[PDB]
Every structure is written in structure tokens, then in C-alpha cells.
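Have a look below at one chain only, the form deposited in one PDB entry, in C-alpha cells format.
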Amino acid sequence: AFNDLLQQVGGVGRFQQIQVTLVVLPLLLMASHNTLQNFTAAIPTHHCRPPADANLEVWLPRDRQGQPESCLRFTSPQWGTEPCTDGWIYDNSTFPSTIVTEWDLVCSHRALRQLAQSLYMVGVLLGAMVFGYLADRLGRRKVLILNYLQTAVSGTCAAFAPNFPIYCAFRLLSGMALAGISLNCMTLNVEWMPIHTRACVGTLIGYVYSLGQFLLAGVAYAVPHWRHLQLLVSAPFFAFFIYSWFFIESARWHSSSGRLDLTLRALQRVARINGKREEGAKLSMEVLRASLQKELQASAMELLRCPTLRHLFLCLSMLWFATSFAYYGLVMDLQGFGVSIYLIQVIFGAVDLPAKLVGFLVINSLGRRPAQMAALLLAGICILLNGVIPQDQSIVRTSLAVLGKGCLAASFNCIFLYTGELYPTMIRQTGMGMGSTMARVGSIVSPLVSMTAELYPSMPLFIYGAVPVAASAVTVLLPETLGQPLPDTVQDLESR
């Protein structure tokens, strides 16, 4: 019954305004880190370095396009092919330095650029799990303080990485910390705020991430060099670590632990901050106990064990994997469209704003399932048509990728509501975590799929498209939730 107490000590008041602003400010740089490698790893045009002894036309084989071939140089001077031992010359017009230029992650080692994104995301999957356990054991706040320090240290050390294995290690650790920031952000804010506003928070947090995409575009234009851009995007988290010491730990986590002494201390401190001091003094242990006694979940396995909840698990896992796998596939590949990588990031960021509305409108009106078939099928049709339409077309390809990314942003928003209303109260938090875990598996698998570009230039896109088209067909199986009350038991779910 914490909700009741939550409204005695000011409800939303100075403490919630101050702390929530501060706890959601870091998220503005989650987008900057997740998709940083579009700018820190951009691939400049590379052609082989002519042999040093020789004093480009004569030393470079030309492809059909008539541009110098990237991975080959002539063995002997041809007037009017060996792999390149002497290195590559990279165009410096757009990208002064990138991890690709620094470590020659080009030609045979091209897959390494994507391995690094996959490793960062392996870190994000690991961090959601490690830090989720650690938060329940050490506190939402203590785990946040340590996560701000880890992102700052790991990201700074990645910027000063001397070799590629080390950059990848510090990028996995950066992601582990960031996964814990994104989780503990929600928990600390949601638990210190009213229950009814469990979605507005899910929204401000959602839009604060989208604004992060414009932040990456503006920051990357200003600081093109990768070591400098990685340092700039990670140095803010040392400042976050310094003020995070003044956060107030969730009183709800304190009550759950068994320490009502700290629930009382937090509630009184907040009453001083919100200005309702008299009302806080009234709060004692005879009151807090009785009014928090009723409050005082099922194992994840159950999702698999019950046939009813296994069907809802499998179906939703395909929906969460597909949306993430496709979304990262599209968001990762900003260079191919033929427009500046900065304008495309700004555009891609913008779409999320009219998308989320159009989504809200179709979801609250038509249904929660028709919106998921439409958001995923249309994204799949757009991505597969980006694959088929010839590159020459930049506007037709850019417009279709932009619509597709907007549709996958809508799918993210719907799959959150859809997944919280489909599950019964007992397994609803486990189920939203498993769904988010499958989303993170999608992000790990997506860069690995992109490595198939070598096999065929359009194979990466044909998969990033076919998977959402298949997920859309899976939504047919799931049950409509519009106008139906949330289920409380498996039987309840079965009934409706």
C-alpha cells in the first residue's frame, strides 16, 4: 500500500521533480553510446597504399564503378593483384579518424567493426542481468552510483585504447554499466513516484532517449575524431557519478528488505524536501508498518513450465527479438543511403516523435494487436524494399528506411504495453524482463547478421526485413487487450 503513503508525503513534489530530472539526464546519452559506432567507426573510402619503393592510377586496380579498388594493388606497375601489405590510404574529407582507420579494420578484418558492436551489446545483456541482481541486493542507488563510475571509466579508457582487443573489452564493460543505468533509472523513479503514473515515466524516459539521437548528431559533427568523440560522450558520466551520491534510495526497496527503519528515514527526508514536514513527523513505525503490512514473484521458469504462459512467452519473445533485431539493423547502417550521416541521424531521430504519436493513436483506437501487425509488417516491407530498390535512388531509399525506423520505434512502444497487459500479475514483471532480454539478444545477433554483407550486399537487409514480416504473422496468435482488464491468474488469462 506504499501508494497511499506516497501521497501523504507530497506525492509529486520537489524531491520527485529534482531527483527524476537528475536520474533521467543520463539517458540522454544512452542513444549516444548505443549508436556511437556509426560515427566512431565510420568507414572512410580506403584504397590501397602504393608500394613505398615506387615513386594511384598505375598502382590501383579499378572496379566497375571506375573508383580505385579498396583491397587490391597491382603487383607490378601497370601503364595504360596482390593484397596490400603496405597499408591503406583513407579519405580524410569526412572522417579524420575512426576505429576503422586507426586499426585497419578494413578488407579481411572488416567483420571486426561489427564484432565490436556485438560485444558492446553482449555487455548490455550481461549488465541487465548482473546489475539487476546486484540492485536487489545492494540498492537501486548504490548500483546506480557504481554504474555511472563504470561507464565513465570504461568509456574514457576505450577512448584511450591502445589496440583493438582493449577497445572491445572496455566497450563491453561500458555497455554492462549502461544496461544497469537504464534499468535502475526506471526502478528508482517509478518506485519514488505514484503507481498510476507508471506509464508517463515509461514515456518521459522513452522520449529522453529519442532526444539523445539529436544529441549524438550534434556532438559528432563538432567532434569528428573518434578518441575525442568517445571521451566527450563518456566524460559526462563522471559528473553524474559525483552528484549521484545525494540520491535518496527507494523506500520501497528498504521496506522489501525488512528494514522499515530506512523506509521511515527516506519518507521523512522526502517530507522535509517536499515541504510537508508536519505530515512526515506524523509518519512513525506504528503507522508505516500497518500501512505497509499488506504489501509485506513466480520463478522465471514458470513462463516455460505452464503451457498457457509458454505460448504467450514464445510469441512475445519473437515480437521483442524481431523489433530489436530489425531496429538495430536499420539504425546501425547510416552511410549507405547517400545523404550525410549527420542529417540521417537527425532525421532518424525525428521520426520517433511523429511515430510514437501515430502509434499511440492506432493503439488506443484500433487495437493493440492490429497496431503490432501493422508496425512490424510495414517495417519489414520497407526494409525489404530498401534492399530491392537500386542504391542510385537516395530519396526512395532514405524515405523508406526512415518510415521503417519509425515503424520499429512504434513497435517498441506497443510491445511494452502489449506485454504488460498480456501477462498475469504473478509473472508480469518476469515477463517484461524476459521480453527485454530477448530484445537485447536481438541487438547482439543483428551485427553478426550484418557481417553477411560479404556473402551478398543485400543479404543483411533481406533478413532484417524477413524477420519482422514473420513476427507480424506471429502477432495473430496473441490475444487482443483493448478494453479488457489485466489478468490476475493463469485462469484469468485463460478466461480472457
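Don't overthink the numbering: it's just position in the shown sequence, from 1. Throughout, rigid core stands for the largest set of C-alpha atoms superposing within 1.5 Å between the two forms.
One more form of this protein, deposited in another entry, exists but is not displayed; see below.
Scan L183, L173, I347, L288 for the one whose CA shifts by 2 Å or more between this form and the one not shown after superposing the rigid core, and name it.
Of all the options, the C-alpha that shifts by at least 2 Å belongs to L288.
Superpose on the rigid core, then tell me if the C-alpha of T203 is displaced by 2 angstroms or more between this form and the one not shown.
No; that C-alpha moves by less than 2 Å between this form and the one not shown.
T437: CA shift of at least 2 Å between this form and the one not shown after core fit?
No, the C-alpha moves less than 2 Å.
Relative to the superposed rigid core, does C71 relocate between this form and the one not shown - that is, does its Cα move 2 Å or more?
Shift of 2 Å or more: yes.
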